[PDB]
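> From the sequence below, what's the structure:
(one chain, ligands or ions: 2)
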Amino acid sequence: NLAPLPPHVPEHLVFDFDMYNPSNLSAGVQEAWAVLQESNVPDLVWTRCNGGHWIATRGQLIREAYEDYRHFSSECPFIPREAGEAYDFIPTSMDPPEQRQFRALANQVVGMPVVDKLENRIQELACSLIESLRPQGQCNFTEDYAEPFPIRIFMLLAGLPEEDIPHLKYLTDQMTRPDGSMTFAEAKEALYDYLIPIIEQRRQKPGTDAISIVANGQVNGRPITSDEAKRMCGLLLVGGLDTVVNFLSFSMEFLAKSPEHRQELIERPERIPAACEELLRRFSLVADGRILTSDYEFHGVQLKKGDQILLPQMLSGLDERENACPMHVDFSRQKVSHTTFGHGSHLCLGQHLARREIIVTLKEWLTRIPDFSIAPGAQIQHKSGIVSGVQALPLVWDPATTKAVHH
Ligand code: HEM
Ligand SMILES: CN1CCC[C@H]1c1cccnc1
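Numbering: from 1, shown residues only. Ligands and ions are numbered 1, 2, ... in the order given. And now the structure:
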């Protein structure tokens, strides 16, 4: 339930929002979070849920905090406190200047140069999976394409066997949307338990895979340690198994419900890149934060050292003060403003990979299965957390309105 209100918190700023189970969940997860942006709600509130923490509700506040790493540290970035304290991935748990040197190494394994070179494999996997579903006239998108498409692409890049997916997928999910069976510390340790032996073997006999590159990597001229490699690989694992996987579902759910918007992409293919950005704004899904390094007055609100503050990446683009008709999806929107990949020194390094996976999915799906919809009488349930997602997305279509395209 609720944590007792801290001495310095003003009662008029209390809004008991629960990030792991928002009250307006059934209306759609983004909609649930948007309640924090209704006219009467202040720019900075305090919730007594999940141990108690502040919550910036507007893009201006969210962008500011992420830029100011001196007052807002990434050292304890998760809600609840025990999870944030136990979180030590690299570079996500570091603040500049220390974290800077580690980004370059991560770029070597997931940056644009590597992505460009994966294009053919990404398109090939997308086409086989899709053509595999096309004649069926149905599927549950989360298990049939959303999880397998991005996860296998990553498992390949990392040199990790596909049979290890169910175990790793379960562990990463306990870190973002815990079902209660595991604490954040335990899931993290089980992940390190999986990676440790592998990093040791990759340093003994290195291959060309992502993990061999990081384990035998160098940061600012010095060699990376075994502990630092483990901390970087864990972050990469969560990225391949719990980011794009959830995003693809929100996107396909929307496309399933808007024969209009998909028709726009079928008729005008060149706007798919632009559509991707708009969908990334409308269906933003990440929400982590920072911890106060000292007593600080921020926009008239007294914050005390150690207070945690959620800065939902998903909220910036949904803010009416950033985009005029927020809940409306407009592919032709002139200034698609958002912070879906973060803001400040920690801007997502996997975004280039993310965009190619989204863009290839939209093009290869619409090209083969242009007509489709939500299964008869099904009500789509969303799930909330550090990374929001979709519980199940069953789709249906008439096979006769599809077409097999050779890749
Ligand atoms: C739709 C997909 C994705 C979204 C929305 C997303 C979002 C984010 C966000 C919000 C951050 C910064 C968090 C913070 O400031 O604390 C971030 C960091 C990061 N992301 Fe992603 N990401 C996505 C996909 C991926 C993928 C696929 C990979 C890699 C396989 C990846 C690798 C990274 C890395 C390395 C960082 C750390 C950067 C740093 O801390 O300096 N991400 N991502
Ligand atoms: C799931 N995480 C929570 C905060 C950042 C996010 C993440 C992890 C790995 C790659 N990109 C984003």
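> could you show me where the strands are in the stretch 301-407 of the chain, in order?
Ranges of strands in the stretch 301-407 of the chain, per DSSP state E, counting those that start in this stretch, are 301-303, 308-310, 373-374, 382-383, 389-390, 394-396.
> mind putting the ones you listed in CSV, distance to residue 59 and mean neighbour count included?
The C-beta positions use only the backbone N, C-alpha and C, and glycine is treated the same way. CSV is the format used below for the strands of the stretch 301-407 of the chain (distance: least, Cβ to Cβ, whole Å; neighbours: other Cβ atoms under 10 Å):
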stretch, distance to residue 59, mean neighbour count
strand 301-303, 17, 18
strand 308-310, 14, 24
strand 373-374, 31, 14
strand 382-383, 22, 20
strand 389-390, 23, 24
strand 394-396, 33, 18
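> which parts of the stretch 201-350 of the chain sit against ligand 2?
By the rule Cβ under 6 Å from any ligand atom, the part of the stretch 201-350 of the chain lying against ligand 2 is 235, 238-239, 242-243, 286, 288, 348, 350.
> Kindly recompute the last result at 8 Å.
Within the stretch 201-350 of the chain, the residues that sit near ligand 2 (Cβ under 8 Å from any ligand atom) are 235-236, 238-239, 242-243, 286, 288, 342, 348-350.
> Please give me every residue in contact with the residue in the stretch 251-400 of the chain positioned nearest to ligand 2.
Nearest to ligand 2, among the residues of the stretch 251-400 of the chain, is residue 288, at 4.1 Å (Cβ to the nearest ligand atom). Contact analysis of residue 288 by Cβ atoms under 8 Å, 6 or more residues apart in numbering lists 77-78, 310-311, 313, 386.
> Tell me which two in these are the farthest apart.
Longest distance between any two of the contacts of residue 288 is 13.2 Å, between 78 and 313; criterion Cβ to Cβ.
> Let me have the strands of the stretch 301-407 of the chain in a markdown table, adding distance to residue 134 as columns.
Formatted as a markdown table, those follow (distance: least, Cβ to Cβ, whole Å):
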| stretch | distance to residue 134 |
| --- | --- |
| strand 301-303 | 54 |
| strand 308-310 | 42 |
| strand 373-374 | 15 |
| strand 382-383 | 27 |
| strand 389-390 | 21 |
| strand 394-396 | 12 |
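> The closest residue to ligand 1 within the stretch 101-250 of the chain: neighbour count?
Closest approach between the stretch 101-250 of the chain and ligand 1, counting by Cβ to the nearest ligand atom: residue 239, at 2.8 Å. Residue 239 has 21 neighbours, counted by other Cβ atoms under 10 Å.
> So it lies in a helix, does it not?
Yes. Counting by DSSP: H, G, I helix; E, B strand; the rest coil, one finds residue 239 located in a helix.
> Might you report the residue contacts of the residue of the chain found nearest ligand 2?
At 3.1 Å from ligand 2, residue 239 is the closest residue in the chain, using Cβ to the nearest ligand atom. Remark: with contacts taken as Cβ under 8 Å, 6+ apart, residue 239 is in contact with 110, 154, 350.
> redo that, cut-off 6 Å
Neighbouring residues of residue 239 by Cβ atoms under 6 Å, 6 or more residues apart in numbering: residue 350.
> what's the answer for residue 224, then?
By Cβ under 6 Å, 6+ apart, residue 224 lies in contact with residue 217.
> For this protein, which segments are assigned as strands?
In the chain, the segments counted as strands under DSSP state E are 44-47, 53-56, 72-73, 138-140, 218-219, 222-223, 289-292, 296-298, 301-303, 308-310, 373-374, 382-383, 389-390, 394-396.
> Using TSV, please lay out those together with distance to residue 27.
Converted to TSV, those look like this (distance: least, Cβ to Cβ, whole Å):
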stretch	distance to residue 27
strand 44-47	19
strand 53-56	19
strand 72-73	30
strand 138-140	22
strand 218-219	45
strand 222-223	51
strand 289-292	24
strand 296-298	30
strand 301-303	28
strand 308-310	20
strand 373-374	16
strand 382-383	9
strand 389-390	14
strand 394-396	20
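> between those strands, which gets nearest to ligand 1?
Smallest distance to ligand 1 across the strands of the chain (Cβ to the nearest ligand atom): 7.8 Å, for strand 289-292.
> neighbouring contacts of that closest one?
Strand 289-292 has contacts (Cβ under 6 Å, 6+ apart) with 72-74, 76-77, 303, 305, 307-311.
> one step back: got a list of what the nearest residue to the residue of the stretch 251-400 of the chain closest to ligand 2 once chain neighbours are set aside touches?
Closest residue to residue 288 apart from its sequence neighbours, by Cβ to Cβ, 6 or more residues apart in numbering: residue 77 at 4.9 Å. Neighbour list for residue 77: 84, 288-290 [criterion: Cβ under 6 Å, 6+ apart].
> just those that are near ligand 1?
Among the contacts of residue 77, the residues that sit close to ligand 1 (Cβ under 8 Å from any ligand atom) are 288-290.
> State the distance from the nearest residue to residue 407 once chain neighbours are set aside to residue 115.
For residue 407, ignoring the flanking residues on the chain, the nearest one in space by Cβ to Cβ, 6+ apart is residue 127 at 4.1 Å. In this view, residue 127 and residue 115 are 18 Å apart by Cβ to Cβ, to the nearest Å.
> cool, and residue 142?
From residue 142 to residue 115 the distance is 24 Å (Cβ to Cβ).
> what's around residue 255, how many residues?
22.
> Hmm, it is touching residue 265, no?
No. With contact defined as Cβ atoms under 6 Å, residue 255 and residue 265 do not form a contacting pair (8.3 Å).
> Cool, thanks, talk later.
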